[PDB]
Amino acid sequence: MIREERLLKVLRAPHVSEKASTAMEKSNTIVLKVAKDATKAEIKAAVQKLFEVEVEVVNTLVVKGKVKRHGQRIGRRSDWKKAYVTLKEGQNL
Amino acid sequence: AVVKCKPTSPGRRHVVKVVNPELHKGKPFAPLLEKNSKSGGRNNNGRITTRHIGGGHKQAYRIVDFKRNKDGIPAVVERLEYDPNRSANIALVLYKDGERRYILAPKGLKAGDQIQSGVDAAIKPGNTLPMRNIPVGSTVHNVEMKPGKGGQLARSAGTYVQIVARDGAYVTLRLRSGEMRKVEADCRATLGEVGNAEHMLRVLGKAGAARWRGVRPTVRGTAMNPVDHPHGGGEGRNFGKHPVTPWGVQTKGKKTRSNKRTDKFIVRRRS
Amino acid sequence: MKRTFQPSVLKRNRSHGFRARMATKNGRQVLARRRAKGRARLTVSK
RNA sequence: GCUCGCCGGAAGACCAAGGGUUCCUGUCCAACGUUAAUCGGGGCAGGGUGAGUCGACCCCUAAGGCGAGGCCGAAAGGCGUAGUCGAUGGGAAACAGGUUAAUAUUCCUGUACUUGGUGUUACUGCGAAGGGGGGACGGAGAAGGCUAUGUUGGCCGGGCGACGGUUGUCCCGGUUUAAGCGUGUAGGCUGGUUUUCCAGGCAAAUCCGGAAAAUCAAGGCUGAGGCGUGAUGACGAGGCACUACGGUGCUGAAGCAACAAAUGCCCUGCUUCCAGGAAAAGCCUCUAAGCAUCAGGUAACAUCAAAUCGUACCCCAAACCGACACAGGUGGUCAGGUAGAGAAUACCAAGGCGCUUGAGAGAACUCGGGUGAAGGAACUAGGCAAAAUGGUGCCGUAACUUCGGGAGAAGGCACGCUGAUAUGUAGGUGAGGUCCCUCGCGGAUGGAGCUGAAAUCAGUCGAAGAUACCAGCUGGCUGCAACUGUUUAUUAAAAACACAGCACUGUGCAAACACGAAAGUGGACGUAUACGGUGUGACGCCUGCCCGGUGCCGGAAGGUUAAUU
RNA sequence: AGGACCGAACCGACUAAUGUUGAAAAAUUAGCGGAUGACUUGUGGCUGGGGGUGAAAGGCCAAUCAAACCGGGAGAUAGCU
Ligand SMILES: [Mg+2]
Ligand SMILES: [Mg+2]
Ligand SMILES: [Mg+2]
Ligand SMILES: [Mg+2]
Ligand SMILES: [Mg+2]
Ligand SMILES: [Mg+2]
Ligand SMILES: [Mg+2]
Ligand SMILES: [Mg+2]
Ligand SMILES: [Mg+2]
Ligand SMILES: [Mg+2]
Ligand SMILES: [Mg+2]
Ligand SMILES: [Mg+2]
Ligand SMILES: [Mg+2]
Ligand SMILES: [Mg+2]
Ligand SMILES: [Mg+2]
Ligand SMILES: [Mg+2]
Ligand SMILES: [Mg+2]
Ligand SMILES: [Mg+2]
Ligand SMILES: [Mg+2]
Ligand SMILES: [Mg+2]
Ligand SMILES: [Mg+2]
Ligand SMILES: [Mg+2]
Ligand SMILES: [Mg+2]
Ligand SMILES: [Mg+2]
Ligand SMILES: [Mg+2]
Ligand SMILES: [Mg+2]
Ligand SMILES: [Mg+2]
Ligand SMILES: [Mg+2]
Ligand SMILES: [Mg+2]
Ligand SMILES: [Mg+2]
Ligand SMILES: [Mg+2]
Ligand SMILES: [Mg+2]
Ligand SMILES: [Mg+2]
Ligand SMILES: [Mg+2]
Ligand SMILES: [Mg+2]
Ligand SMILES: [Mg+2]
Ligand SMILES: [Mg+2]
Ligand SMILES: [Mg+2]
Ligand SMILES: [Mg+2]
Ligand SMILES: [Mg+2]
Ligand SMILES: [Mg+2]
Ligand SMILES: [Mg+2]
Ligand SMILES: [Mg+2]
Ligand SMILES: [Mg+2]
Ligand SMILES: [Mg+2]
Ligand SMILES: [Mg+2]
Ligand SMILES: [Mg+2]
Ligand SMILES: [Mg+2]
Ligand SMILES: [Mg+2]
Ligand SMILES: [Mg+2]
Ligand SMILES: [Mg+2]
Ligand SMILES: [Mg+2]
């Protein structure tokens with residue numbers, strides 16, 4: 001079992017976008033920003049505990065931050081991890 | 001057999017090849033094979049130390065019994081075989097206890113022939129005996145230099161050694177080079193001549209055949225510049241120098257042997 | 001026409017990378033020189 | 001949007017390398033874009049990369065690297081054993097359809113598959129760092145059996161035509177379906193089984209190897225494709241309806257056969273040749289110590305697990321290497337039609353483009369092309385350049401020659417189209433059906449349909465029938481080099497280098513020789529029919545005289561002569 | 001069968017014209033040689049500067065080669081300009 005302090009750290013935010021709303025509407029899939037080291041098992045356990053719904057499958061991907069400019073100064077945004085969490089057909093989060 | 005090729009193309013006109021129909025046409029005996037990869041003539045510093053080596057056909061190594069110490073057990077030749085690693089052919093012999101080995105193929109040996117090694121082996125071609133059990137005057141090959149080390153002399157195709165005398169614990173041998181050499185009577189020898197004596201009759205016929213054997217072109221010292229070779233330089237063809245190696249040592253007649261450790265064992269240099 | 005620089009990240013790392021420099025004392029002196037100069041980029045690794 | 005032009009073995013599509021947001025959407029036009037720009041690979045903001053099966057990771061090793069101890073070396077360090085790394089190679093498993101503005105073998109639908117852990121059922125000698133097997137391997141060549149794929153016909157849907165004709169032997173379109181699962185075929189390889197013994201396989205072995213008998217011959221292994229199923233499904237020409245006219249909602253026929261056919265598959269096959277063609281693990285199988293109703297193994301049933309990283313986009317290029325949005329360079333895969341030997345070439349399909357300055361004018365001169373009276377190398381250093389030749393079949397072909405050649409020598413004839421021979425021939429393919437069988441994917445026969453050169457005869461059009469593209473100029477004398485190769489990246493390709501062949505000479509193996517203060521290593525797991533050095537340079541006929549000079553080889557009595565004493 | 005023949009891909013570079021502040025610090029166009037072999041090409045590896053490598057041109061060793069490049073001795077020395 002994964003300790004609940006870990007679980008409280010792995011979920012960072014819901015992800016808002018047209019793809020995310022379409023995913024939730026058409027495939028019962030919530031899209032979340034998660035911690036970089038959060039595995040699929042941790043994400044699933046944390047959604048099943050913190051949001052107390054049934055998870056079927058977690059798909060994950062790493063988003064690489066963009067290069068941006070702030071007054072001729074080159075900067076880079078941080079990389080971050082996205083999770084496609086598919087709910088179990090009556091879980092409705 | 002020695003057959004001349006017909007001149008259907010300029011690279012074939014001079015080819016003379018040796019066809020031995022007796023050789024096994026299938027693959028070698030796998031348990032006795034080994035990998036050996038090529039060096040290009042380079043040593044462990046990565047430097048060329050022997051020029052003119054590189055390329056050539058991939059070759060597997062055949063483990064050959066040069067010791068022939070399985071005494072008192074007869075064996076039967078199953079087949080002659082081609083060995084890319086040496087001039088002589090090799091014979092796969094089956095020992096009556098079920099063990100298989102390769103030996104250098106003696107002249108006239110063929111499938112079905114029985115062989116043996118030991119102090120009580122018969123004096124017939126293919127049999128290995130200590131030379132104090134082989135009569136003086138005999139023709140031998142695969143001669144040992146130290147007892148139990150393994151055969152080291154008269155291994156190349158068509159070669160043999162003559163036992164010319166026996167004096168105490170040493171025998172005198174006439175080597176192929178004409179040298180008379182002493183070696184301890186307990187050193188072993190195989191009776192007969194190494195086979196494939198027609199090996200020296202082949203003609204490669206073209207540069208490519210030498211490239212197939214891993215021999216790279218030799219550039220004459222006189223075709224170089226002085227910076228590269230003592231023979232280098234000159235307007236037009238010029239020599240005017242005593243011929244030397246690329247490292248500047250006279251190469252027409254100067255002797256290079258210096259081994260006082262082994263001088264005793266030589267009776268008369270090949271000279 | 002073929003030019004002199006033909007990139008390969010594996011060759012780059014094996015020949016100039018941090019661990020290649022750390023492997024010999026003269027490579028470690030390269031690293032010491034670059035740290036003393038204050039280079040923001042020690043090797044080709046980053 | 002309609003026309004036009006261009007590429008199409010690419011200028012289309014897709015991998016790997018390399019790049020790194022260039023991808024999609026909105027907004028903006030300062031700078032950047034060789035012009036303008038409302039546009040952009042430009043600015044700014046937001047969005048986008050979804051895996052048990054793809055790849056990495058991982059197991060395994062090659063070259064090579066590092067290397068505990070070790071050996072060696074003023075120091076730094078060199079080499080190297082046991083090991084440990086290292087792919088460009090070996091090792092488990094997924095397909096079809098739908099979907100996004102942008103991802104999909106990753107999402108969804110449907111249908112599969114692999115490995116491993118734990119729990120139950122039955123059976124039970126399991127056990128490795130050891131043994132054996134296997135994995136596991138070259139070049140070339142020939143042919144059969146197939147598939148991809150194409151063509152025609154059939155089927156179904158639509159059409160009846162802007163100007164003579166078009167209800168027919170007319171026209172247009174479609175005619176697609178995977179992995180998996182069952183079958184075990186064309187073909188390839190091999191005799192099988194059962195006992196007993198044995199100096200071999202670092203010990204042992206029921207395994208391997210060897211020997212000896214009995215007894216049986218069809219047993220085993222491998223194997224494309226087809227068939228069935230997967231699939232009552234999906235897809236589907238087209239048609240119906242909306243639009244925010246970009247596309248979506250819904251419905252949906254036929255979905256067959258013959259012929260042709262790969263460079264793909266059977267095939268890591270077969271045949272043959274010499275230059276004689278990785279390794280290790282996964283895997284099978286045998287045992288050691290060890291445990292021995294435990295463990296552990298064999299299959300079945302359930303259940304759990306398959307993490308992590310990559311995934312956008314360019315990729316013969318405006319995104320990679322070339323300072324550039326640069327006529328350059330960059331490995332692999334796909335492979336339609338008509339003609340054609342063809343991946344040449346011409347025109348096209350799918351698909352992609354018109355190359356980021358234009359508008360005029362119609363001088364000299366320059367560049368790239370077309371044609372040219374009469375002459376025809378008179379040009380010039382030189383026929384430089386240009387012009388010309390150019391296909392297939394057949395006829396025919398000299399000196400010389402190493403007997404292979406020279407030779408495509410030279411030179412010449414035929415060639416389109418229509419009809420007949422025969423409404424389509426020779427030939428290929430070969431159904432329905434019948435005869436039989438040791439029983440199927442079957443053997444004999446039969447031939448319908450399909451497909452189809454080539455020739456001859458007769459006629460016929462043009463100036464011209466290898467009509468375009470494409471596609472040898474030829475002969476005579478002579479120098480050099482035997483030949484195929486190599487070379488001055490970027491003014492020299494040659495007569496220069498190499499070469500097979502020849503000779504001399506060194507070298508007896510701890511070889512000579514070479515790299516190395518050394519240890520070592522190459523030479524070579526080679527052994528004088530071998531290896532190094534040197535010169536000469538296929539072959540044929542040959543290779544004369546000189547050892548005084550220099551060098552090398554041998555001698556060693558005599559003179560001279562170092563350190564030492 | 002063949003370092004065999006003709007000829008694309010592929011590799012090369014014999015001739016000419018163009019280009020020469022180029023489209024290009026070696027190319028383009030038309031022609032040209034090899035094209036189963038001493039062939040060609042990808043990935044990785046090894047050899048290091050009086051050193052390597054060289055079918056040998058003093059060729060090549062990052063647009064640099066009769067002694068690479070970078071830093072140091074170093075403000076070498078310069079009866080010369
Ligand atoms: Mg999933
Ligand atoms: Mg993933
Ligand atoms: Mg040599
Ligand atoms: Mg020679
Ligand atoms: Mg020269
Ligand atoms: Mg010199
Ligand atoms: Mg002269
Ligand atoms: Mg002279
Ligand atoms: Mg950007
Ligand atoms: Mg865009
Ligand atoms: Mg502008
Ligand atoms: Mg932009
Ligand atoms: Mg190793
Ligand atoms: Mg080492
Ligand atoms: Mg140590
Ligand atoms: Mg490893
Ligand atoms: Mg690999
Ligand atoms: Mg896309
Ligand atoms: Mg077919
Ligand atoms: Mg993609
Ligand atoms: Mg442009
Ligand atoms: Mg370009
Ligand atoms: Mg073409
Ligand atoms: Mg004009
Ligand atoms: Mg003109
Ligand atoms: Mg003209
Ligand atoms: Mg005209
Ligand atoms: Mg004229
Ligand atoms: Mg005229
Ligand atoms: Mg005339
Ligand atoms: Mg004249
Ligand atoms: Mg004149
Ligand atoms: Mg000309
Ligand atoms: Mg012309
Ligand atoms: Mg003359
Ligand atoms: Mg020549
Ligand atoms: Mg040539
Ligand atoms: Mg040049
Ligand atoms: Mg030139
Ligand atoms: Mg040695
Ligand atoms: Mg010569
Ligand atoms: Mg000559
Ligand atoms: Mg040829
Ligand atoms: Mg070249
Ligand atoms: Mg050209
Ligand atoms: Mg030729
Ligand atoms: Mg050719
Ligand atoms: Mg010169
Ligand atoms: Mg250079
Ligand atoms: Mg110097
Ligand atoms: Mg000084
Ligand atoms: Mg100065």
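The chains referred to below are lettered A, B, ... by the order of the sequence lines, with proteins before strands, and numbering in each begins at 1. What you see below is based on every heavy atom in this structure, not just the backbone, and it leaves out hydrogens, waters and symmetry mates.
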Which base, if any, makes a Watson-Crick or G-U wobble pair with [N], both distances under 3.5 Å?
| N | result |
| --- | --- |
| D:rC23 | D:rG47 |
| D:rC353 | D:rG5 |
| D:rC259 | D:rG150 |
| E:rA17 | E:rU28 |

How would you label the contact of [X] with the nucleic acid (heavy atoms, under 4.0 Å): base, sugar-phosphate, or nothing?
| X | value |
| --- | --- |
| A:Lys68 | sugar-phosphate |
| A:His15 | sugar-phosphate |
| A:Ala83 | nothing |
| B:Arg270 | base |
| A:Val58 | nothing |

Ring centers of A:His15, A:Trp80 separated by less than 6.0 Å: yes
Does a side-chain N or O of B:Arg220 approach OP1 or OP2 of E:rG54 to a distance below 4.0 Å, or not? no
Check this one for me: any side-chain N or O of A:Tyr84 less than 4.0 Å away from OP1 or OP2 of D:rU49? yes
When you check the sign of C1'-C2'-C3'-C4' for D:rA10, do you get north or south? south
Does D:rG165 pair up with D:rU392, Watson-Crick or G-U wobble, with both distances inside 3.5 Å? no
By the criterion of two distances each under 3.5 Å, are D:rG290 and D:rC113 a Watson-Crick or G-U wobble pair? no
Mapping B:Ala209 and B:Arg237 to their closest nucleotides on RNA chain D, which lands nearer the 5' end? B:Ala209
When the nearest nucleotide of RNA chain D is assigned to B:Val219 and to B:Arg181 on a heavy-atom basis, which residue is associated with the more 5' position? B:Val219
Output yes if the stacking criterion (under 5.5 Å between centres, under 30° between planes) is met for B:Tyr61 over the base of D:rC525, else no. yes
B:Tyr82 aromatic ring stacked with six-membered ring of D:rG276, 5.5 Å and 30°: yes
Would you classify D:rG376 as syn or anti? Syn applies when the glycosidic angle is within 90° of 0. anti
Measure from the side chain of [X], starting at C-beta and using heavy atoms only, and say which of [options] lies closest.
| X | options | answer |
| --- | --- | --- |
| A:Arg69 | D:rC44, E:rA56, E:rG48 | D:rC44 |
| B:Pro10 | D:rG322, E:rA67, D:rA482 | D:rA482 |
| B:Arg62 | D:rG277, D:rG322, D:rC552 | D:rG277 |

Could you tell me how far apart B:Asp228 (CG) and E:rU53 (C1') are, to the nearest whole angstrom? 11 Å
Whole angstrom is fine here: how far is it from CG in A:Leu61 over to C1' in D:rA51? 12 Å
Have a look at A:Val47 and tell me which of A:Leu93, A:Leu11, A:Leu7 forms a side chain to side chain contact (heavy atoms under 4.5 Å, CB included) with it. A:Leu11
If you take side-chain heavy atoms and a 5.0 Å distance limit, major or minor groove for A:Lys66? major
Pairwise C1' distance, D:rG139 and D:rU193 [rounded to whole Å]: 41 Å
Please figure out whether B:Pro217 or C:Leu10 has its closest RNA chain E nucleotide nearer the 5' end. C:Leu10
